[PDB]
Each structure stands twice: as structure tokens, then as C-alpha cells.
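S.K.: Curious how this folds, go ahead:
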Amino acid sequence: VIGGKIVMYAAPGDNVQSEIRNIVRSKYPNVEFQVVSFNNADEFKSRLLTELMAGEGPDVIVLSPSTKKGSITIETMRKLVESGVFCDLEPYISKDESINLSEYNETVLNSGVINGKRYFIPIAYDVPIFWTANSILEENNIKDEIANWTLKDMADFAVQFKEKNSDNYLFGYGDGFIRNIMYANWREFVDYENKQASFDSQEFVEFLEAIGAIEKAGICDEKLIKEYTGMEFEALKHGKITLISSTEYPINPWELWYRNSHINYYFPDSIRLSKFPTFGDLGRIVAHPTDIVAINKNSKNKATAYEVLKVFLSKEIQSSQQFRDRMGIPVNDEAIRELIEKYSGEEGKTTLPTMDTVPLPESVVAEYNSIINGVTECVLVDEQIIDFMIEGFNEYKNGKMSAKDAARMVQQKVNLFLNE
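M.R.: Numbering: from 1, shown residues only. Structure data below:
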């Protein structure tokens with residue numbers, strides 16, 4: 001029997017849950033939604049997390065725990081999941097004929113499988129990438145080399161760039177750029193299964209030295225990009241930045257068409273994208289979820305809560321306008337398939353505030369597909385681990401410690417974080 005009360009909380013900027021309720025109420029008209037809306041971000045995070053760890057809270061939990069634009073960043077989301085505040089979703093997925101995991105990005109969905117239990121469903125994710133205009137790549141003679149760049153190839157371009165351009169930044173923008181380097185390379189130094197890290201290693205020292213040369217070429221602040229009327233595209237046109245990597249906007253099909261159209265406005269040009277230059281001998285391309293849904297372990301109306309949870313995965317929700325504005329890259333494969341088709345055809349030839357847009361070029365779609373289809377794993381990482389890596393890099397960058405002392409400090413804090 002699908003019905004009864006379902007309690008769920010709404011974060012300040014939430015516009016998707018109202019969609020879910022109408023669809024959920026279209027079927028099962030007996031579901032009684034009790035919505036608690038929040039206007040303060042700190043009151044939402046404080047009340048939700050404290051209630052879950054005290055055995056209370058809403059029946060269905062919608063969270064944005066990473067660092068994208070409208071997120072409520074949670075420091076130890078993975079440890080919170082490991083404490084068991086959410087129930088295992090496998091008994092519901094197994095019993096349900098109507099759901100089939102082949103329709104979704106299974107590599108991303110596996111981020112919700114921790115310690116052998118499907119604790120949550122990631123409805124959207126992000127892949128750290130850097131992008132720019134193609135004509136800017138040809139002006140720097142790296143049009144055909146950034147796709148095969150290593151992190152040391154990028155640092156060596158940054159030193160050569162810093163010696164060439166001494167009044168412009170090489171990268172933008174904000175703190176999201178350096179976090180993107182950590183998002184792409186933390187797996188190289190952290191073994192969650194065995195609860196140990198290898199930050200006190202020659203690889204991480206060279207990793208810090210590589211980031212140090214990259215940052216010396218300049219990363220403009222987020223407060224310098226908002227000053228431009230054309231945002232990062234205008235600053236790219238004026239030469240203030242050359243390569244862009246940011247955490248604010250995951251590259252959903254709309255963002256790709258939006259960036260390509262804006263770049264074509266300032267330059268006949270197209271967007272060029274690439275996965276982040278990574279370290280190591282292995283071929284890891286690591287994504288992380290930005291939006292998750294789960295059921296409270298102490299909910300007395302499960303199965304009804306599971307029915308509400310599934311609507312977040314539907315092609316209709318995942319391809320909606322509200323989902324595009326507030327969530328990351330959708331995990332429903334048909335939604336991505338439908339969205340790319342829309343911006344690759346006549347609907348991609350419209351107007352954007354005003355400028356004339358162009359449909360996505362075949363070249364851009366193939367480069368986009370090579371990245372999302374190239375994701376090798378998707379892991380929910382504790383944001384605190386990423387913060388430890390950054391505060392270790394800042395000690396070396398700010399001349400407070402040597403590279404080997406900063407690698408040893410990160411190894412300490414992370415190893416004792418993994419072991420409680």
C-alpha cells in the first residue's frame with residue numbers, strides 16, 4: 001500500500017521537489033507530503049544532520065553534499081553514510097520489476113554502494129574537466145596536445161606560460177580549480193577499503209610541486225570573474241584567463257551548449273574540453289556525485305519513500321529545466337541522450353541573452369562523450385580529505401613547509417581521519 005505521510009525537507013533554493021510531489025501524487029493519490037522548507041542554509045544542514053544522527057529526520061533525504069554552486073557542503077558525508085543513518089536500498093531495487101539499472105549510469109550509481117550496501121542513489125554527478133576556446137589553444141600551439149596532457153605536461157606549460165605572460169592569469173577561476181585537481185587525484189593517495197593513505201611518498205611530493213608550478217602561473221579569483229558582464233567568456237576574450245576549470249557548474253548537456261554558444265559569440269569558434277591532467281601509472285578518470293537521495297533508516301513508511309525516491313531518477317525529472325539549473329550531470333542515460341539530441345539540432349539554433357546560438361558541433365559532442373563515457377569510477381569522497389590535501393599544498397605554496405614536510409602533514413591528518 002503506497003500512501004501515508006512522507007516527511008521531507010527542502011533546502012533554500014530547491015525547485016525540484018515540487019515536481020516530485022506532483023508526479024508522486026499523480027500516481028498514489030494517498031501519499032501525504034509534509035514539507036518543511038528552509039530559508040537559511042546553516043539551519044537546514046544543522047537540523048537535518050543532527051536529527052539523522054539522533055534517529056529522527058525526514059523519510060526521504062535530498063542532499064547536495066559536494067561543492068557545486070548551490071550546494072550545502074557536508075564535511076564527512078561518507079562517514080555519515082557509513083554510520084547507517086540510511087537504510088539499504090537493495091531489498092527495494094531487487095523486489096522492484098519496474099526499475100532496471102541499465103537505464104542509468106551504473107558507474108556513477110555504484111558510488112552509492114559503500115561497504116556492500118546501496119545506502120543512497122546519486123541522481124547527478126560531476127567530472128573535473130578544464131576547457132577553453134579552440135582558437136586560444138591554437139594561439140598557444142596546444143590544440144592537439146591538451147587531450148593527452150599529464151599533470152607535469154600542464155605544469156611545464158604553466159612555467160613556460162608564466163615566463164611568457166606576466167600580467168594575465170593562465171587559469172580561472174576561484175577555489176574550485178585547485179579542488180578540481182584534488183577531486184581528480186585524491187584516489188591516487190587514499191585507499192578507503194584498507195583505511196590507509198600514501199601521502200608521505202615521493203609521488204605526492206612531486207604532485208605538490210606540480211600544482212605549485214601551475215598556481216604560480218595565476219588562478220584568478222571568483223570575485224574577478226563576476227565583475228565581467230560576459231562572465232568567464234568575456235574575461236577569456238580579453239585574455240585575463242586562458243584555461244578554465246571550475247566547480248560551480250557541472251557540464252550537463254545545456255552547459256556544454258551554453259559554453260560553446262558563448263565562445264562562438266566572442267571568437268566562429270567552438271569549445272574544447274579535456275579531462276583533468278592526472279598523475280600515476282594507471283588510467284583513472286574519477287567522478288564524484290553532487291546530488292543524492294536516500295531513505296531514513298528510522299522511517300516508518302518505507303516502500304512509499306522508495307516510490308518517491310525513484311521519481312528523482314525518471315527521464316522526465318532528469319531532463320527537466322529545474323534539474324538542469326540546480327543539479328549536476330544527470331545519471332539517467334536516456335535523459336542525457338535526449339538532451340544532447342535537442343542541442344545538436346534545430347532547437348540548438350536559437351537565441352541566448354542577446355546573441356545567436358549554434359547547435360552543438362559533431363566535434364564537441366564526440367569530445368563530450370569521450371569524457372563522460374571515459375569515467376572509470378565514481379566515489380563519494382569525504383570533503384574533509386580534500387580539504388586536508390589543500391591545506392597541505394597551501395603550507396608548501398606559502399613557504400611555510402617544504403614539499404616533504406607538507407606531504408607528511410597531510411599523511412598524518414588523513415590517516416587518523418580514516419581510522420576515526
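S.K.: I'd assumed residue 88 was in a helix, is it?
M.R.: No: remark: residue 88 does not belong to a helix; assigned using DSSP: H, G, I helix; E, B strand; the rest coil, it is coil.
S.K.: Can you verify my assumption that it contacts residue 115?
M.R.: No: assessed by CB atoms under 8 Å, residue 88 is found out of contact with residue 115, at 10.0 Å. For every residue, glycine as well, the C-beta is placed using N, CA and C.
S.K.: Show me what secondary structure element comes after the longest strand along the chain.
M.R.: Counting residues, the longest strand in the chain under DSSP state E turns out to be strand 286-295. Later in the chain than strand 286-295, the nearest helix or strand by DSSP states H and E is helix 304-311.
S.K.: How far off centre is that following helix?
M.R.: Relative to the chain's own centre, helix 304-311 is displaced by 24 Å; criterion: CA atoms, centre = their mean, to the nearest Å.
S.K.: how much does that helix deviate in direction from strand 286-295?
M.R.: Helix 304-311 runs at 140 degrees relative to strand 286-295, counting by axes from the mean of the first three to the mean of the last three CA atoms, to 10 degrees.
S.K.: which helices and strands sit right next to helix 304-311?
M.R.: The contact analysis (3 or more CB pairs under 8 Å, 6 or more residues apart in numbering; DSSP states H and E) places helix 304-311 against strand 4-10, helix 17-26, strand 31-37, strand 60-63, strand 286-295.
S.K.: what's next to the helix or strand that it is followed by, contact-wise?
M.R.: Counting by DSSP H and E, the element after helix 304-311 in chain order, helix or strand, is helix 315-318. By CB atoms under 8 Å, 6 or more residues apart in numbering, the surrounding residues in contact with helix 315-318 are 16, 19-20, 23, 103, 123-124, 311, 323, 330-332, 334-335, 338.
S.K.: So among these, which ones count as buried?
M.R.: Buried residues within the contacts of helix 315-318, defined by neighbour count using 16 or more other CB atoms under 10 Å: 16, 19-20, 123-124, 311, 323, 330-332, 335.
S.K.: between these, which is closest to residue 61?
M.R.: Taking CB to CB as the measure, residue 61 lies nearest residue 123 of those, at 12.0 Å.
S.K.: So that closest one is in contact with residue 320, correct?
M.R.: No: counting by CB under 8 Å, residue 123 stays clear of residue 320, with 11.7 Å between them.
S.K.: how about the CA coordinates for the longest strand of the chain, as PDB?
M.R.: What follows is strand 286-295 as a C-alpha-only set of coordinates in PDB (Å, rounded to 0.1, in the frame of the first residue of the first chain):
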ATOM      1  CA  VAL A 286      37.400   9.900 -11.300                       C
ATOM      2  CA  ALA A 287      33.900  11.400 -10.900                       C
ATOM      3  CA  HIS A 288      32.100  12.200  -7.700                       C
ATOM      4  CA  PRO A 289      28.300  12.500  -7.000                       C
ATOM      5  CA  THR A 290      26.900  16.000  -6.400                       C
ATOM      6  CA  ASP A 291      23.300  15.100  -5.600                       C
ATOM      7  CA  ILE A 292      22.000  12.100  -3.700                       C
ATOM      8  CA  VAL A 293      18.700  10.800  -2.400                       C
ATOM      9  CA  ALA A 294      18.200   8.200   0.400                       C
ATOM     10  CA  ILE A 295      15.600   6.800   2.800                       C
END
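S.K.: could you say what helices and strands that strand packs with?
M.R.: When contacts are defined as 3+ CB pairs under 8 Å, 6+ apart, strand 286-295 packs onto strand 60-63, helix 106-109, strand 121-126, helix 176-185, helix 304-311, strand 377-378.
S.K.: And this protein, what are its domain boundaries?
M.R.: Domains of the chain are assigned by automatic domain parsing as 4-126+288-334, 129-284+378-418.
S.K.: For the ones you listed, give me JSON lines that also has distance to residue 372.
M.R.: As requested, the domains of the chain are exported to JSON lines (distance: least, CB to CB, whole Å):
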{"stretch": "domain 4-126+288-334", "distance to residue 372": "7"}
{"stretch": "domain 129-284+378-418", "distance to residue 372": "8"}
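S.K.: Among these, which comes closest to residue 366?
M.R.: It's domain 129-284+378-418; of those, that one is closest to residue 366 (CB to CB) at 10.6 Å.
S.K.: what about the closest one, distance to the chain center?
M.R.: With CA atoms, centre = their mean, you get 14 Å for domain 129-284+378-418.
S.K.: First-to-last residue distance for stretch 43-60?
M.R.: End-to-end distance of stretch 43-60 (CA to CA, to the nearest Å): 18 Å.
S.K.: hang on, the earlier thing: could you work out the most separated pair of the buried ones among the contacts of helix 315-318?
M.R.: Counting by CB to CB, the most remote pair of the buried ones among the contacts of helix 315-318 is 19 and 331, 16.7 Å apart.
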